[PDB]
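Novice: Here you go, one structure.
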Amino acid sequence: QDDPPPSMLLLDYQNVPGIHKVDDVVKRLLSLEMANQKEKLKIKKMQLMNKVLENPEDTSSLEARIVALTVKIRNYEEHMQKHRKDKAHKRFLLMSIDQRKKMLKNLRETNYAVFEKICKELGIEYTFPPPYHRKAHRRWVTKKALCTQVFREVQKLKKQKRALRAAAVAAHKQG
Amino acid sequence: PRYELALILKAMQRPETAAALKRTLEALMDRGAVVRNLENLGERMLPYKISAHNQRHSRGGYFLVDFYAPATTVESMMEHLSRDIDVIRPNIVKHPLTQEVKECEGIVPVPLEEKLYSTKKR
Amino acid sequence: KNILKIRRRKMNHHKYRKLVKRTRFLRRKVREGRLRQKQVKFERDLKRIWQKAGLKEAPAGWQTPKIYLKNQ
Amino acid sequence: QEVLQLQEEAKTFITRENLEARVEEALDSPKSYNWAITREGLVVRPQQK
RNA sequence: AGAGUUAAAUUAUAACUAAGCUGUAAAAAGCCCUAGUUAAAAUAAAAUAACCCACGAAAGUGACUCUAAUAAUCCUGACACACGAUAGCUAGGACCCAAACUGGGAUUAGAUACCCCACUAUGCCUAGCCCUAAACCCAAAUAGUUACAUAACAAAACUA
Ligand SMILES: [Mg+2]
Ligand SMILES: [Mg+2]
Ligand SMILES: [Mg+2]
Ligand SMILES: [Mg+2]
Ligand SMILES: [Mg+2]
Ligand SMILES: [Mg+2]
Ligand SMILES: [Mg+2]
Ligand SMILES: [Mg+2]
Ligand SMILES: [Mg+2]
Ligand SMILES: [Mg+2]
Ligand SMILES: [Mg+2]
Ligand SMILES: [Mg+2]
Ligand SMILES: [Mg+2]
Ligand SMILES: [Mg+2]
Ligand SMILES: [Mg+2]
Ligand SMILES: [Mg+2]
């Protein structure tokens, strides 16, 4: 988790001349201290888009959109941790995650170098969709578990039988 | 100006009022607030009878406090004013001077609505 | 007009609900039976698998849970 | 402009020093927010009483 | 979604005063630990504004305040994912008032109804389920056109 420090002097007032000469109080009113949450999101967005990107000027580029959407997503995460039962924001979160991923799968298919970088930097991990979405239910889950255990047994038994064969034939061939 | 504190104080004499205002503002500056101004709308008969702190009140002093504060803290101040027995009733509103007036360009007259029904001849 | 259709269904449904009330514990019995049957066919399906794979006993530590007979 | 404006307004804020003075000051000076309108779109103010 | 708050009613509960009060097309039963006035927490529900037509994906949302907040540089898309009115279930808390059920009173040939009185599950809060509605604006989503052109009725006709 990052920490856009309380004193950080909101985005719009950072580049106005001679700000640092002003007395403590006004500096304080322009701080992230007296700020909204939306100001901390503006800051977080700028900072991320500077760490991660190449051309922070292009809003249009896929990568840019992915970074922005990722800020929004981390924010819904926070909100959802506080309000467990808000179903509306759960919707925004899951939805907006799917949009991120759609865009990622679109990067990977077009500019791969960048996609690689982004996944590393935002810690997103890109999984390929499965073929066959099916609901794993009690019967199937159990049966499959069994079939897997059966398999592991059988091939272990073939291994033991081949150990016995090798030992027998070797101790025979020697004398 | 960011928040507006509407204070309705129990109606009292000079010194005690002054005291209540002082301790109130202090509490505000301790929750991290910066106080812009202090306005006094006078003491009046309350519009209806207000029951607070085992007292049924008729009159009250009225004050506004404009101040900037970190978003987190409104709940805190609110808690504080709640348990002060000298406050008849507290409220904290987003300061009305933050919202700015868009321009009514005028009243766009709405024409009667057409084609709600087909051209059928009854 | 259309209600004639609705009315029909209405009646059907009523009569059926009524019937489920009368026939209730008969129905209970039959459904419990079908659940046992289900569990069994399941077990057979599993047994069949580990046997056609040449094993004799079921693989180590295999209890074959009761899924359908799951307490209501 | 905004930063300069606030720079000005900051001279006037209430502080640990001004508390005593300012409070006693405000207790002296009642203000009204009241005014009425006329069918014409005109403002009418009470202080002429 | 959270947290905080309450104007109008209503009620526990006393204080006076009156013998009745309630109730219907009309009565009865009920109550007189009742009624009118004066005082009043809790709970629940949110006149007027609204002759407005906003927000939300839909279900839904119209007392007040603050915090958080309303995906996508915006095509379609599931049986996958996440939601989903009322009713209903589990557990704990609430209970003004309403009320299936039930018990009384009428009504009636009967009345396991409509009407009257009481009262319960339930409506509320917390947590989990349940996944249904005439969930219907009975009109699929996204772009468009007003050309051709009336089965009937309805909310005019059509293209991709
Ligand atoms: Mg039939
Ligand atoms: Mg009670
Ligand atoms: Mg009688
Ligand atoms: Mg209201
Ligand atoms: Mg949107
Ligand atoms: Mg789609
Ligand atoms: Mg539901
Ligand atoms: Mg319920
Ligand atoms: Mg319960
Ligand atoms: Mg009850
Ligand atoms: Mg009743
Ligand atoms: Mg009866
Ligand atoms: Mg809640
Ligand atoms: Mg509906
Ligand atoms: Mg349909
Ligand atoms: Mg569709």
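Novice: What translational diffusion coefficient, in µm²/s and rounded to a whole number, does the Stokes-Einstein relation yield for the stretch A:4-57 at 37 °C and a viscosity of 0.692 mPa s, taking the hydrodynamic radius as the Kirkwood radius over Cα pairs? All intermediate terms of the calculation are to be shown ahead of the outcome.
Specialist: Details: Rh = 11.9 Å.
D = 275 µm²/s.
Novice: If I take the Cα coordinates of chain B and project them onto the principal axes, what are the three extents in Å, biggest first?
Specialist: Answer, in whole Å and largest first: 82, 33, 24 Å.
Novice: Please report, to two decimal places, log10 I(q)/I(0) for chain C at q = 0.25 Å⁻¹ as given by the Debye formula with identical point scatterers on the Cα atoms and no solvent.
Specialist: So the normalised log intensities work out to -1.07.
Novice: Additional query: Farthest toward the dipole's positive end in the stretch B:40-99, which of B:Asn54, B:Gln99, B:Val87, given Cβ charges of +1 (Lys, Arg) and -1 (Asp, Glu) about the Cα centre?
Specialist: B:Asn54
Novice: Please determine, in degrees from 0 to 90 and to the nearest 10, the orientation of helix A:62-82 with respect to the longest principal axis defined by the Cα atoms of chain A, where the helix direction is its Cα long axis.
Specialist: Helix A:62-82 sits roughly 90 degrees off the main axis of chain A.
Novice: Find the centroid of the Cα atoms in the stretch A:109-174 and in the stretch D:24-40, then give the distance between the two in whole Å.
Specialist: If you average the Cα positions of each part, the centres end up 80 Å apart.
Novice: Also: Calculate the dipole size of chain B relative to its Cα centre from +1 charges on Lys and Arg beta carbons and -1 charges on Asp and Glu beta carbons; express the result in debye to the nearest 20. Each step should come with its number before you reach the end.
Specialist: Working: 19 positive and 16 negative charges, 139 e Å.
Taking the Cα centre of chain B as origin, the dipole is about 660 debye.
Novice: While we're on this one: Counting other C-beta atoms within 10 Å, which of C:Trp62, C:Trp50, A:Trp140 has the fewest, and how do the rest follow? Kindly include the intermediate steps, with their values, before the conclusion.
Specialist: Details: C:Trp62 15, C:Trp50 20, A:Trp140 11.
Lowest count first: A:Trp140, C:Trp62, C:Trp50.
Novice: Taking the alpha-carbon distance from A:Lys21 and a cut-off under 17 Å, which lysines remain once sequence neighbours fewer than 8 residues away in the same chain are dropped?
Specialist: D:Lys11
Novice: Another question about this same structure. Provide B:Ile85, C:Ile3 in ascending order of the number of other Cβ atoms located within 10 Å of each residue's Cβ, fewest first. Could you put the intermediate results ahead of the total?
Specialist: Values: B:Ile85 11, C:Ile3 8.
Final ranking by Cβ density, sparse to dense: C:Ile3, B:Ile85.
Novice: When each pair of different Cα atoms in the protein assembly as shown is counted once in the 1/r mean, what is the Kirkwood radius in angstroms, to one decimal? Walk me through the numbers on the way to the answer.
Specialist: Details: mean 1/r = 0.0316 Å⁻¹.
Over the protein assembly as shown, the inverse of the mean reciprocal pair distance is 31.6 Å.
Novice: Still on this structure, I have one more. Of C:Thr23, B:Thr73, B:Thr119, how do they rank once you tally other Cβ atoms within 10 Å and put the fewest first?
Specialist: Details: C:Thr23 11, B:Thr73 17, B:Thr119 5.
So the residues, fewest neighbours to most, are B:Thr119, C:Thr23, B:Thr73.
Novice: About its Cα centre, how strong a charge dipole does the protein assembly as shown have in debye, to the nearest 20, once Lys and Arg get +1 and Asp and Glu get -1 at the Cβ?
Specialist: Working: 92 positive and 49 negative charges, 1648 e Å.
In debye, rounded to 20, the protein assembly as shown gives about 7920.
Novice: Distance from the Cα centre of the stretch A:59-101 to that of the stretch B:36-100, in angstrom?
Specialist: Measuring centre to centre over Cα atoms gives 38 Å.
Novice: So, one more: Sum -39500 (n - 2.57) across every DSSP H segment of at least 4 residues in the protein assembly as shown, then divide by the residue count to get the 222 nm mean residue ellipticity, nearest 500. Intermediate values should be presented prior to the final figure.
Specialist: On the way: 12 runs with 204 residues, N = 418.
Rounded to the nearest 500, the figure is -16500 deg cm²/dmol.
Novice: As I understand it, the value is the acute angle between the Cα axis of helix A:38-52 and the longest principal axis of the Cα atoms of chain A; what does it come to in degrees, rounded to 10?
Specialist: The two axes meet at around 60 degrees.
Novice: Could I ask something else about it? In the Gaussian network model of chain B, springs joining C-alpha atoms below 10 Å, which of B:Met77, B:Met29, B:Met45 carries the largest mean-square fluctuation?
Specialist: Most flexible of the set in this elastic network: B:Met45.
Novice: Can you tell which of A:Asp98, A:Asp23, A:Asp86 shows the greatest fluctuation in a Gaussian network model of chain A with Cα springs below 10 Å?
Specialist: Its mean-square fluctuation being the largest, the pick is A:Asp23.
Novice: Angle, helix B:14-30 long axis vs. longest principal axis of chain B, Cα atoms, 0 to 90°, nearest 10?
Specialist: That helix lies at roughly 70 degrees to the long axis.
Novice: Assign one of three labels to chain D, namely rounded, prolate or oblate, based on the Cα gyration tensor with a ≥ b ≥ c the square roots of its eigenvalues; rounded applies when a/c is under 1.5, prolate when it is not and a/b is larger than b/c, and oblate otherwise.
Specialist: On the way: a/c = 5.53, a/b = 1.59, b/c = 3.49.
Oblate shape, in that a/c is at least 1.5 and b/c is the bigger or equal ratio.
Novice: As a quick test, which of the pairs A:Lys72/A:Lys120; A:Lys40/A:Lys117; A:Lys161/C:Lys56; A:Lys156/C:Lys52; C:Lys21/C:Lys66; A:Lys158/C:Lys56 have an alpha carbon distance above 21 angstrom in this structure?
Specialist: Details: A:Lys72/A:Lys120 19 Å; A:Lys40/A:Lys117 25 Å; A:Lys161/C:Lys56 16 Å; A:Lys156/C:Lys52 16 Å; C:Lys21/C:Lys66 29 Å; A:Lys158/C:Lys56 14 Å.
Violating the 21 Å limit, Cα to Cα: A:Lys40/A:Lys117; C:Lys21/C:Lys66.
Novice: Sticking with this structure for a sec: For the stretch D:28-34, just list the computed ³J(HN,Hα) in residue order, Karplus coefficients 6.51, -1.76 and 1.60, θ = phi - 60°, integers in Hz, with x standing in for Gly and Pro.
Specialist: 7, 10, x, 10, 10, 9, 6
Novice: Ok, one more. Taking the convex hull of the alpha carbon atoms in chain A, what volume per residue do you get, in Å³? Please list the in-between numbers first.
Specialist: Values: hull volume 45.4 nm³, N = 175.
So the per-residue hull volume is 259 Å³.
Neighbour counts are summed over all protein chains in view; Cβ atoms, including those assigned to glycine, are modelled from backbone coordinates with ideal geometry. Here, each number is a calculation from the coordinates, and none is a lab measurement.
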